[PDB]
């Protein structure tokens, strides 16, 4: 019976995805078939409604020198972050000597636009290989985790930040109270801490269980974020839904009572209450839907094999580790996975050990089917792979249901 990392309440489990490997560890084929594994299960705190995993993976096992995800590998995301940076430069970063700190800046996808605007900034990026990619672009980066002590150190030497921003990173951090204390130490009194992460309501609506894996400790909602803010001295003052990464919300927190919440905050809270989003029964219904997607996906993949059809995967997502390991999908059913990330290529996916090959290798003669693990990138990918579909190749999707098109 684990304690909520937000409030210390009791977390009741509703979904057990079993034994899983580290999602972003890609092994060379000659490596020992030994892997770290942990139990992936999700529950909901009884007191603040925060949905969260019940076993933490230690941060240094996930985030370190060879972390492989490079944010800038998607054109949609590069545009998405450039626009956000422009929005901040026009609103929160006006005035003299503004300062923005990004938590989890990766390869500098967002902070490049800030640096090109001449605005003082600091990225925190504890994964040193992508940190170096950002530094190559002229971005100032500390290769450290953001937490209370490193935030204090930055406030000491650099002064208060007008904006603290985190995308697809807050939800990865079980030590969220320490981060919030770091934000309290570092943020200007009239500043904002803005984060965007996969949204519980989209996960439940689309049965997108592959959004649950080691790096995604929290599945935030407006309800839980509002409670988390309030308990830590802040206030949820804006929310915006975003289509990226399968559906997100961007949450804006301010010091309590410094700004009046937008109507959007109340409207999203009322819709979550109306739709019973975080009620344990709704969350168990989702868990039941997850098993149905497993069973239909494996039935399909086995029928394809019996029918002599070839099947590959597209995108060696961290997400797909949950899919292949919960569903038991290995190279006998999905022969290769195609991906543009050099440090994932010529390696095997975690747990299931499917070989990953460069996306340039996905070409005539094409396979019959491609299981689309990077389904959040469907539009971008399929635009680049029209020749596959024109040839008669078909995509297998498992969100929001198993279907082929």
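Numbering follows the first chain given and starts at 1.
In this crystal structure, the stretch out of 167-175 and 145-153 whose C-alpha atoms carry the higher mean B factor is 145-153. Legend: mean Cα B-factor per stretch from the PDB entry, 44-52 versus 357-365; the higher mean is in 357-365. The residue among 112, 294, 303, 206 whose C-alpha carries the highest B-factor in the deposited model is 112. Taking the deposited Cα B-factors for 93, 318, 287, 249, the highest one is held by 93.
The PDB entry assigns residue 63 a C-alpha temperature factor belonging to the lowest third of its chain's modelled residues. Per the PDB record, residue ranking by Cα B-factor puts residue 213 in the lowest third of the chain. For residue 405, the recorded CA B-factor ranks within the highest third of the chain. Only modelled residues enter the ranking.
Among all modelled residues in this chain, the alpha-carbon of residue 234 has a temperature factor (C-alpha) in the highest third. Residue 9: CA B factor in the highest third of modelled residues in this chain (values from the PDB entry).
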